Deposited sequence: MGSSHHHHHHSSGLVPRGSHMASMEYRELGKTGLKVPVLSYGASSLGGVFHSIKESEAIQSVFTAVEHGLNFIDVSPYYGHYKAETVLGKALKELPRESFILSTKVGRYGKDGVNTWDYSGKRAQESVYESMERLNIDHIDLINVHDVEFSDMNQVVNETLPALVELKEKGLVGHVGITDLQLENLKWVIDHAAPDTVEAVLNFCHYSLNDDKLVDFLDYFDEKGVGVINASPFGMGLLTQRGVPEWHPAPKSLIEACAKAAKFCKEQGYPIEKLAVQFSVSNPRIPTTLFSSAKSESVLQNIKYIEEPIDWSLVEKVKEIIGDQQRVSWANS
């Protein structure tokens, strides 16, 4: 298992990161029951870095996850999660029964002046290791880092922009280097596009991107090289992206993606399907 420093953060994070797939909805019990075993498996097999944002919100799930994490040693895992935002961090820290969060990041106006300062105060207190931000659009990330105070934002998290099908994050990597920001990729598979089963029912991806990615998955199938294996291989394949956050419930998926990323990537196959995904490279569906 390979590790990267998360920018100027000091945390050695594994090139893949477990994101604890969404638990809300009916059958939530099954999903969180499996997610606990997945946390254990990811830690036992190399993933320091667990994000539990989907647990941010559910009293009982968060508390028995606090039990589960109390089963694990102090330095055995790095944990990150999502005016009154101070009390929110305090509240959910109590529910997790952890004594301090390794990194807090803001979901989503001028978060620049209200939430981020409170989290900076919290980092000075000793209860939060580092601060970061989460968003969909890289222009928004640039905006908020720009108008914030210097060296406030230590990490950024962003979705579907370093894949076989989307390449945008490159354009911003330099910028992050210039302001000392660790980069966290997420959704390596394009949320179904780089899957061999296909794309979920809610996915609004245009018909063209859908067809390009389905044909790439078919070519991968015919070459005996699963498209998801290639996608997860590729999202952790950039030395400037410290880590990528994949979401799953069953521990089998954690172990499969571990086995994938630890196996050598086929750069010729990357060239091939990046070609087959034609005009649809960096086509957006947000």
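Engineer: List in ascending order the stretches of the deposited sequence, numbered from 1, that lack C-alpha coordinates.
Structural biologist: Unmodelled stretches, in sequence order: 1-23, 106-121, 148-153, 332-333.
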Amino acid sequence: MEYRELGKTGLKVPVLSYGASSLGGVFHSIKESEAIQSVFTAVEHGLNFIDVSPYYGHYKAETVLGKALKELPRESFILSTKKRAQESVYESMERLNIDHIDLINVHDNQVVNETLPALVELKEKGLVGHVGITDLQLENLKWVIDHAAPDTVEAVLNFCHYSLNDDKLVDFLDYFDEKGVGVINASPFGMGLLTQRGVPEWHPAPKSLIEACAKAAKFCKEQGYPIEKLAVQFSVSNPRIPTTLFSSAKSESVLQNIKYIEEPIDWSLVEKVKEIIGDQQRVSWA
From here on, numbers count along this sequence of modelled residues.
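Engineer: Regarding 121-129 and 165-173, which shows the higher C-alpha temperature factor on average in the entry?
Structural biologist: The recorded data point to 121-129.
Engineer: On mean C-alpha B-factor from the PDB entry, just flag whether 205-213 or 83-91 is the higher one.
Structural biologist: Here the higher of the two C-alpha B-factor means belongs to 83-91.
Engineer: Please work out which residue in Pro239, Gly57, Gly46, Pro226 has the highest C-alpha B-factor recorded for this crystal structure.
Structural biologist: Comparing C-alpha B-factors across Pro239, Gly57, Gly46, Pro226, the top value belongs to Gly57.
Engineer: So among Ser187, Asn97, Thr195, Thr134, who wins on Cα B-factor in the entry?
Structural biologist: Result of the comparison over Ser187, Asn97, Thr195, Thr134: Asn97.
Engineer: By the record's CA B-factor, is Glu34 among the lowest, middle or highest third of residues in the chain?
Structural biologist: According to the entry, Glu34 has a C-alpha B-factor in the chain's lowest third.
Engineer: Ranked by Cα temperature factor within the chain, is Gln256 in the lowest third, the middle third or the highest third?
Structural biologist: Ranked within chain, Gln256 CA B lands in the lowest tercile.
Engineer: Please place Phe246 in the lowest, middle or highest third of its chain by C-alpha B factor as given in the entry.
Structural biologist: Bottom third by C-alpha B-factor.
Engineer: Considering every modelled residue of the chain and its Cα B-factor in the PDB entry, is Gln233 in the lowest, middle or highest third?
Structural biologist: Within its chain, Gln233 is a lowest-third residue by C-alpha B-factor, going by the deposited values.
Engineer: Just say lowest, middle or highest third for the CA B-factor of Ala61 relative to the other modelled residues in its chain.
Structural biologist: Its C-alpha B-factor belongs to the highest third of this chain's values.
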